[PDB]
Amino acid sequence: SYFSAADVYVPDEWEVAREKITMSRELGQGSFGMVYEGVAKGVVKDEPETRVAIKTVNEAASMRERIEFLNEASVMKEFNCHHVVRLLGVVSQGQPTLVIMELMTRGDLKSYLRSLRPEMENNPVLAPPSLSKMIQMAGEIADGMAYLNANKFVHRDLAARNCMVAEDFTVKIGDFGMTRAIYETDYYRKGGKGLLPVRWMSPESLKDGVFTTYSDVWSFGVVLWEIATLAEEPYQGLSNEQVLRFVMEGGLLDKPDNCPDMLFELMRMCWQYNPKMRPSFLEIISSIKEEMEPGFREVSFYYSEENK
């Protein structure tokens, strides 16, 4: 009279010995538990030791919660791309439960962009990012997204808060779902389907709640706008409800102050009302590849043999 509904986590080849992991600096609190920086032995080829981020579930959490955490985190096991944050191992044996991730020392891109805003202290400050630096970020994000699309995924929440920034300033698609609870006001719940990033969503997505790679491209345009405004709220001064109506009826974000023409042109291609007229992520990269740093050819999905 029924199918069993019991969820489990099955230890696999990603399991790492607890003795190989040490945790130091606290990075923050996730929905599941605390996240730390640390060091992991033997998790990267040719590296005796690697700096890592360690997501934890402590001894007080329920086993149901524990298993949910492990199965959610495990989605990242399928990916191996320079521009997607890597999962490096799992400690499911004993407690606390650990998931070991590539460390992104400069944080999420929204936080990073906001950190570049001048302080209200009249001190000397780095000028806003150059076109060349913004283009580099764009290409890296687009490469990670092309990789995900090639692996038949739709992201559904592409936004600066869901990209991460490495020590060397490389931007990558972030660990899935790790910042939505922190930037809670970037979401709006209107019904079933729950909390949706309405200010990042395409007109067609706002209309019927379906997401495609075409709507990921729309969101990519909004990310470029975020980069150019240092992460202002899109459609600031419109309520959540007013955004739905504005975008569905054809309204667009304005060209940011001092935004280079090239970048806004790219935004406009992403924001074509008809999804079929938007470029693909591969086509986006093709258009800016001459402006990418030379090493992009060695590490990108775009130039890899997997891009066929």
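Numbering starts at 1 and runs along the sequence shown.
For the pair 185-193 and 157-165, the record assigns the higher mean C-alpha temperature factor to 185-193. Stretches compared: 207-215, 82-90. Higher mean C-alpha B-factor in the entry: 207-215. Reading the B-factor column for the CA atoms of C270, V52, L244, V35 in the entry, the top value corresponds to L244. Of the candidates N71, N149, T97, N123, the PDB record gives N123 the highest C-alpha temperature factor.
Per-chain ranking of the deposited C-alpha B factor places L282 in the lowest third. In this PDB entry, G237 carries a Cα temperature factor that places it within the highest third of its chain's modelled residues.
Remark: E119 belongs to the highest third of its chain, ranked by C-alpha B-factor as recorded. Placement of the Cα temperature factor of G144 within the chain: lowest third of the modelled residues, per the deposited record. Remark: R180 belongs to the highest third of its chain, ranked by C-alpha B-factor as recorded.
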